[PDB]
Each structure stands twice: as structure tokens, then as C-alpha cells.
Amino acid sequence: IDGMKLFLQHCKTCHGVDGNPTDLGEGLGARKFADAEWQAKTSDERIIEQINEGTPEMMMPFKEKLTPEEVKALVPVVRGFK
Ligand code: HEC
Ligand SMILES: [Zn+2]
Ligand SMILES: [Zn+2]
Ligand SMILES: [Zn+2]
Ligand SMILES: [Zn+2]
Ligand SMILES: [Zn+2]
Ligand SMILES: [Zn+2]
Ligand SMILES: [Zn+2]
Ligand SMILES: [Zn+2]
Ligand SMILES: [Zn+2]
Ligand SMILES: [Zn+2]
Ligand SMILES: [Zn+2]
């Protein structure tokens, strides 16, 4: 499982690789991942739940597209470690 490959396939269109939302992402309500305060206050579980369930009118759920292993592999990408 390549976490970054999954991110480029499924997430990049709203959350850019640099840790900054795209124009589309920001319009829907996304904020920066590249933020020390956000990273410090956000648990892995919150990240996993967000990928799994999304947010109505903002982010689609990915639970029916990705396995728990694949969702977990995305955590160190969101964290900025690749
Ligand atoms: C645009 C249609 C999006 C795609 C594709 C992905 N995400 Fe997203 N995400 C989007 C918005 C508008 C928001 C804000 C909504 C909210 O309730 O916070 C988000 C949010 C996140 C978060 C934040 C959770 C938190 O508690 O702050 C994470 C960690 C996140 N999104 C990750 C993520 C991943 C890994 C994706 C690919 C599988 C992905 N998102 C797709 C918009 C969009
Ligand atoms: Zn890679
Ligand atoms: Zn895929
Ligand atoms: Zn997709
Ligand atoms: Zn980002
Ligand atoms: Zn802005
Ligand atoms: Zn900050
Ligand atoms: Zn962690
Ligand atoms: Zn819990
Ligand atoms: Zn709990
Ligand atoms: Zn919750
Ligand atoms: Zn939310």
C-alpha cells in the first residue's frame, strides 16, 4: 500500500500536496494540513473518521472506496511525512 499514491488519486483535487487546499478544496471549506496547531490538536482517529465518513456538502465519504488499511496509510501523508 502506497499512501502517497492513494492521496494523489483520491485527495489531491481538494487537499494539495504542499499541505495547502486547492481552489476547489478551500471553496468547499477545507483548511491547511501544514499547520502545527492543527496537527497537534488532531488525533489519528479524527483523521481516519474524516476519510471514512466525510462531511455532508464538503467531503465525500471514502469508507466504501478504501479499506481500513488504505485509510490508515493516508495518516502519515496528512501528517506531512509521506
Ligand atoms: C473535495 C471534494 C475533497 C476531497 C476529494 C477530499 N476532501 Fe478532505 N476535506 C474537504 C473539506 C471541504 C473539508 C473540511 C470539512 C471538515 O469537516 O473539516 C475536508 C476535511 C478533511 C480533514 C479534516 C478533519 C478535521 O478534523 O479537521 C482531513 C484529515 C481530510 N479532509 C483528509 C482527506 C483525505 C486523506 C482525502 C483523500 C482520501 C480527502 N480528504 C478527500 C474536501 C475534500
Ligand atoms: Zn511514493
Ligand atoms: Zn484508488
Ligand atoms: Zn476518488
Ligand atoms: Zn493540504
Ligand atoms: Zn483563503
Ligand atoms: Zn495555526
Ligand atoms: Zn499518530
Ligand atoms: Zn476514540
Ligand atoms: Zn471516542
Ligand atoms: Zn466523531
Ligand atoms: Zn467536520
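Residues numbered from 1 in each chain as written, not as in the entry; some residues may be left out. Chains lettered and ligands numbered in written order. Heavy atoms only, no water. Residues with missing side-chain atoms left out of burial classes, pairs and counts.

Method of determination for the deposited model, per the PDB record: X-ray crystallography, at 1.90 Å resolution.

A.B. asks: Explanation requested: the site of ligand 1 in the structure shown.
C.D. replies: Taken together, 22 residues lie near ligand 1, and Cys-11, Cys-14, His-15, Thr-55 and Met-59 sit nearest. Looking at the shell around ligand 1, the elements with two or more residues in it are helix 2 (23–28) and helix 4 (44–53). Top contributing element to the shell around ligand 1 by residue count: helix 4, with 4 residues. Here the shell around ligand 1 is composed, by residue class, of 14 nonpolar, 7 polar and 1 charged. (Near = heavy atom within 4 Å. Helix = DSSP H or I, 4+ residues; strand = E, 2+ residues; numbered from the N terminus. Nonpolar A, V, L, I, M, F, W, Y, C, P; charged D, E, K, R; others polar.)

A.B. asks: Would you mind going over the nonpolar core with me for this structure?
C.D. replies: Generally speaking, a soluble globular protein has its nonpolar side chains buried in company with each other. By size, the foremost hydrophobic cluster in this structure holds 14 residues, and its most contacted members are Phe-7, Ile-47, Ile-51, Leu-66 and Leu-74. For this core, the elements supplying multiple residues, two or more each, are helix 1 (3–10), helix 4 and helix 6 (75–78). Those residues within four positions of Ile-47 in sequence are excluded, and the remaining contacts are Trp-38, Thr-42, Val-75, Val-78 and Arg-79. (Core = buried A, V, L, I, M, F, W, Y, C linked by side-chain atoms within 4.5 Å. Buried < 20%, exposed > 50% of the residue type's maximum accessible area, 1.4 Å probe, protein only. Contact = heavy atoms within 4.5 Å.)

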